[PDB]
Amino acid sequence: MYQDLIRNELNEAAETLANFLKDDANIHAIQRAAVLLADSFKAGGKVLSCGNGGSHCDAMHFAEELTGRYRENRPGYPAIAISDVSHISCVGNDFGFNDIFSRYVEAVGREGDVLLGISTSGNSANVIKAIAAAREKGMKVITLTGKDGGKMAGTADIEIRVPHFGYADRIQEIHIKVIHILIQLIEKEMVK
């Protein structure tokens, strides 16, 4: 019988969400993010999303939702989720410590574009390398993070940080809620 266990997990997610919505700064960070993204599309830029693990799915839903919405009457792609095009992670043992995300920024980023880097610990080495490639490319940087923000703390133009300090599950669950919301706020921006 694991009913206690189930309810504890769900309750912990409810405290996470509560803790998250209570801080104004988080709410303001999400609005700023959405404005940046939409300003950037409007200027003809695109966003590259990336994340490891479960966060790679968040990076994917965010790019494919924005692309599916804004591809009509626009060149290119408004958003792309960076993927392992050259199969560099096919040696297995993937800790994130690789140049899959920064390679991709180097090959396709342009000045004006946006990097959305997702990292539930703020320590993902591939995401830190993409932020540096982004800076070299002249792209603005949005991060969705957790805990104390890890080593990426301070390196993003806009950081949306989830105040949870244990395992990644609780933090990923708030990130996909943030992404659902970014996408609706951007739709309000994109008619204006």
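We number the residues from 1 along the sequence you see.
- A summary of the deposited B-factors shows that, of 175-183 and 18-26, the stretch with the larger mean C-alpha value is 18-26.
- When the C-alpha B-factors of 66-74 and 43-51 are averaged, 66-74 comes out higher.
- Out of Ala125, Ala59, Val35, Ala133, the entry records its largest CA B-factor for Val35.
- In this PDB entry, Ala13 carries a Cα temperature factor that places it within the lowest third of its chain's modelled residues.
- The deposited CA B-factor of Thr155 belongs to the middle third of values across its chain.
- The deposited CA B-factor of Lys147 belongs to the highest third of values across its chain.
- Remark: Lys140 belongs to the middle third of its chain, ranked by C-alpha B-factor as recorded.
- Ranked against the other modelled residues of its chain, the C-alpha B-factor of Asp99 as given in the entry falls in the lowest third.
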